[PDB]
Amino acid sequence: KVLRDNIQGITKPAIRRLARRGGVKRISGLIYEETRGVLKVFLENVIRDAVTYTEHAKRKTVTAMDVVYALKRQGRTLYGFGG
Amino acid sequence: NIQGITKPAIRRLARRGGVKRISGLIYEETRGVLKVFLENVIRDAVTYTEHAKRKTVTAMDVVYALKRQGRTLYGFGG
Amino acid sequence: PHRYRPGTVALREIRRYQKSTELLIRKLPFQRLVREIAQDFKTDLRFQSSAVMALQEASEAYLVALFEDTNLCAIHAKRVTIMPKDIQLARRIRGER
Amino acid sequence: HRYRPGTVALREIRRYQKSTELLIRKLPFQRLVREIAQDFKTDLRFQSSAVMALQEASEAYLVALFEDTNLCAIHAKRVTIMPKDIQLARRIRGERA
Amino acid sequence: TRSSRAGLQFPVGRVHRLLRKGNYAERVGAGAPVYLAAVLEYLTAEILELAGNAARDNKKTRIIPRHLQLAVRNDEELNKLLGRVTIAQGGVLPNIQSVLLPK
Amino acid sequence: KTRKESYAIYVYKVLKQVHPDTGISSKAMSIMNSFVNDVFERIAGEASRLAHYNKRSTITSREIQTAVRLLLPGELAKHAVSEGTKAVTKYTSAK
């Protein structure tokens, strides 16, 4: 079933919570959309790559490993999920 | 030696840098910055020479160093 | 009644979220998002539930790293409030596009 | 007639972005290079291309750096670059801590 | 040759040697030195294209490093690719921030 | 007097293929040669991991291909795969 507008799942209180672990105290209202903007360019990058691995592995299922390899590729190495 | 990196030379680099106006304290700051830079690159470079058992640091040691450091340079035998 | 002054709960919340490690974005929204973006690259993809969880781990880390550097930019500008332009300076400087 | 404060600075930017020649006189640079390396190993020789390589890499880097420095100056409604900018630039680059 | 047999200008032999010797894998397919030599050929064309252009624009018959730099930094897609590469004698693009300009 | 290799002559031939009435300097020639080697490593390298990742011993045109798709920006990748798939098929024509 069709999927639409999901970036707005990234509610404002969460984009808040992250900013707090980030040491930010005062948040301008025009921040919440820019963050979604950024998160999107971010996920579009990791998944373009994750997927390319999945396509190469000739699979219909994207694995924890394809993700981890992608991150490593983008210089955002991640421990905790294999590799 | 370090102070051999002249104020005017540092000014030119900032002009090619797009910078219009320059504080006095910059010039010294630039120097520490440049120093740190060469050190790291030359440390890695020399390590290549030390491992190549050479008296001559080559261009390729430099080039390999810059690669290591993610500051790849073209035009000295890529 | 009673009313904490502006900025008082912010400081509290910072300390809360800096003690813990649990993910900040909700789990389900997050997934829906990732399934979207991925669909729009290739249809008919499935995910190891751990593979979503990886991308999220990687996502939040980034954004928290991001806010960190955003925050510095706010402060650079004799300000205390973060603004899109701040984020924008961090990304130019990080050399993101 | 005299030209105003920053008028010759403006003409100079144009002149240097149009040229590709190196901006530190290669001799004092060269002495700086030998000094720094001596601290890592004694009795050493450099290929003249090895020194040029370093020179290019270093300048290009510093220019890039001023670029990003200059943006921070601007971010702070300023027009003069200051050491506090460089520190922020590098900080966000993740060069400095 | 094989450059011929694939319509390539780029040494399909040279490439097959380099893959085997440069320790990328145990064995090396027949298509890959061809696929790659091609992609190498393709990309060196795009650069030579836009640099040459730039040398015309800058009114010279011979390409110097600058013409490469201009070609590269002005191309949005090439510039990304060489996002971490300093090109010797490249200089910079001319760019002067607004608020720095006179009023 | 050692016989050091490069891509110089082929760079030239391709230069003629695109800008027949244009030339090149040694200084820019080095840059073209550096460019070639760098790109060769990056693609070769990616391909190499690809194989490993997939518990397989061979770097085929396919590995090279997907390597290219990870290494290159949307449009430049697109053409690259073309020229890649083309010269390969054209190669497998002749024998």
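Cut-offs applied
Residues numbered from 1 in each chain as written, not as in the entry; some residues may be left out. Chains lettered and ligands numbered in written order. Part of a larger assembly, values for the part shown. Heavy atoms only, no water. Contact = heavy atoms within 4.5 Å. Buried area = accessible area lost by both parts, 1.4 Å probe. Salt bridge = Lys/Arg side-chain N within 4 Å of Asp/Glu carboxyl O. Polar contact = N/O pair within 3.5 Å; in protein donor to acceptor, adjacent residues only side chain to side chain. Helix = DSSP H or I, 4+ residues; strand = E, 2+ residues; numbered from the N terminus. Nonpolar A, V, L, I, M, F, W, Y, C, P; charged D, E, K, R; others polar. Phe/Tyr/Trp six-rings, centres within 6.5 Å; stacked < 30°, edge-to-face > 60°. Buried < 20%, exposed > 50% of the residue type's maximum accessible area, 1.4 Å probe, protein only.

Structure determination for this PDB entry is given in the record as cryo-EM, at a resolution of 3.3 Å.

Q: Looking at this structure, I do not really get the interface of chain F and chain A. What am I missing?
A: Accessible area lost upon the coming together of the parts serves often as the stated size of an interface. Across the boundary between the two partners, chain F contributes 10 residues, which contact 10 residues of chain A. In total, chain F and chain A occlude about 1,100 Å² of area from one another, counting both sides; carbon and sulfur atoms represent 53% of this. Summed over the three residues of chain F that lose the most area to chain A, namely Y53, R62 and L70 of chain F, the buried surface amounts to 56% of that side. Connecting chain F to chain A are two salt bridges. With a shortest N-O distance of 2.9 Å, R73 of chain A and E46 of chain F are connected by a salt bridge. There are seven residue pairs in polar contact connecting chain F and chain A. Going through the elements one at a time, helix 2 (26-53) and helix 3 (61-71) of chain F are the ones with two or more residues in the side of chain F that touches chain A. A per-element tally of the side of chain F that touches chain A places helix 3 of chain F first, with six residues. Broken down by class, the residue content of the side of chain F that touches chain A amounts to four nonpolar, two polar and four charged.

Q: How do you make sense of the side chain of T35 of chain A when you look at a structure like this?
A: Relative to the elements of secondary structure, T35 of chain A occurs in helix 2 (residues 31-56). With residues up to four places along the chain from it excluded, the contact list for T35 of chain A reads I15 of chain A together with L63, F67 and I87 of chain C.

Q: What is the right way to read the arrangement of the chains from this model?
A: For chain B and chain C, which are not in contact, the least C-alpha distance works out to 13 Å. Chain E makes no contact with chain A, the minimum C-alpha separation between the two being 13 Å.

Q: Could you clarify how one ought to interpret the packing of aromatic side chains in this entry?
A: Each aromatic ring pair is characterised by the separation of its centres together with the angle its planes make. Here the structure, examined in full by the defined rule, presents nine aromatic pairs over all chains. Centre to centre, the rings of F37 of chain B and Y61 of chain D are 4.4 Å apart; their planes meet at 25°, and the pair counts as stacked. Residue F37 of chain B is found in helix 2 (residues 26-51), and its partner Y61 of chain D is found in helix 3 (residues 48-75); the two belong to separate chains. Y61 of chain D carries the same exposure label as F37 of chain B, and that label is buried.

Q: Is there a simple way to explain the interface of chain E and chain F in this structure?
A: Counting residues at the interface gives 54 residues for chain E, matched by 56 residues for chain F. Summed over both sides, the interface of chain E with chain F buries roughly 5,200 Å², with 71% coming from carbon and sulfur. Seen at the junction of chain E and chain F, the total is two salt bridges. Note that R17 of chain E is salt-bridged to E5 of chain F, the shortest N-O span being 2.3 Å. Taken together, chain E and chain F are joined by 17 residue pairs in polar contact. Among the elements of the structure, helix 1 (12-21), strand 1 (27-28), helix 2 (32-57), strand 2 (62-63), helix 3 (65-74), helix 4 (76-81) and strand 3 (85-87) of chain E are those that each provide at least two residues to the side of chain E that touches chain F. Top element by residues in the side of chain E that touches chain F is helix 2 of chain E. It accounts for 19 residues. Of the residues belonging to the side of chain E that touches chain F, the class tally is 33 nonpolar, eight polar and 13 charged.

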